[PDB]
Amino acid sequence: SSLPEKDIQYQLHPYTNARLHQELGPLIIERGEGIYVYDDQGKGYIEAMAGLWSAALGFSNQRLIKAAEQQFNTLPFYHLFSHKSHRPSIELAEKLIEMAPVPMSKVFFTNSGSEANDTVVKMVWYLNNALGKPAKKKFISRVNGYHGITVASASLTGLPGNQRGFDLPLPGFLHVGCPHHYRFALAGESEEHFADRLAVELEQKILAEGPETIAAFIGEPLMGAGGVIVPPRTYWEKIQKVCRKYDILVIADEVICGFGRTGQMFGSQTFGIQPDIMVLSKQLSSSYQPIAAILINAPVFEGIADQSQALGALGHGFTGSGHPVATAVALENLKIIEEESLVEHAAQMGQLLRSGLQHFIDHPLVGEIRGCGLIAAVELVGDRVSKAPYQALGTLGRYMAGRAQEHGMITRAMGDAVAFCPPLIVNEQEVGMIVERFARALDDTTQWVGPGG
């Protein structure tokens, strides 16, 4: 039995067509180094997605590996229940709070972004019960947002692919419009006027539902899995005014944006968000360990704390919450990002990336080139005036991603957009190679389509 045969026989893959998988089998990745991964045939690829938007320090950072070792040999597992604690969770929590872009009070740890957003839902319900506001429970999120895939966090999520077949969303998880100007603005509408319309939509939704029933608004500062969607100018300012008007919590989902992805340490800085709660994951540990973190501000903590007293203890926690190895690795990861000035470096690399892509801005299949900092997408279209796809929506993105792989680069298609989210440690020459490989994949796609004109 070969390794691919075993994979097909035994594993149900996430985000995979299981029948197609039985026919094609896996692409088995064997090893990683720097920004590269290598398959089991020895072929190398630039991991232009940093795996899953996550491997900030690349695939062979020895400092993270040694940090894990040192903690394993000290205390390889312990927990935070019932007053227990340990040094790595404490020092990581301190670091996270002290680096927060707004004043924050406490950290709560989980294993995943999905668990973290699920926990935030529970914390907000618990809070409003503590405050004597039992009706104030509904969440508002956006179409095409991604907040994870637990029953509750997939309800926050606004991507149909995460809901169809799963009886989601649950009641009380409401969705307003995707802030993507290219796709949803009216003809000849400015970004600012589009933002106005989105803010009016939110306020009208709040009023229709009863403001006293709305607890929280959650958003990624820019939307990752939904297409690297940069909101229109003035969106976050105007959205936050509406939320404050009705005493609605603002939750910044920084799972992808966190730790230097967008040109500053947090997407909340880049986009001028003053959140009550922040959710972090991914680059927190360069995904070397499963760890996520919730930052809550003082009012959120104080209400939760009061109720935890009245009810004996806070009846929530994962076994792995604050896992000492995962926290030790994350702590060392953040130190490296600071010591090596990787936020600034990623900003400079992101300008090179975007400039490289913009050579193709008048290409007949290039509908939009978007991004900021070191995250970007190229949305391909079959017709630039109508913005219509070539053949079915997704055809171009799938073909492009396949060609990129052939040319030694792993990208991710989101419909007809192809994403870039390379490790922060990418250098100038490597950005050049990423754009070169994009260009070759685009040339292949263009020859395949034959645009004429």
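A residue's number is simply how far along the shown sequence it sits, counting from 1.
When the C-alpha B-factors of 149-157 and 235-243 are averaged, 235-243 comes out higher. As listed in the deposited structure, the average C-alpha B-factor of 111-119 and of 170-178 is greater for 170-178. Highest CA B-factor among the listed residues (323, 133, 316, 261): 133. Highest C-alpha temperature factor among 208, 366, 293, 124, as the PDB entry reports it: 208. In the PDB entry, a CA B factor belonging to the middle third of its chain's modelled residues is recorded for residue 405. Among all modelled residues in its chain, residue 303 ranks in the middle third by Cα B-factor. When the CA B factors of the chain's modelled residues are split into thirds, the value for residue 386 lands in the middle one.
The entry lists a Cα temperature factor for residue 217 that places it in the lowest third of the chain's modelled residues.
Among all modelled residues in its chain, residue 50 ranks in the lowest third by Cα B-factor.
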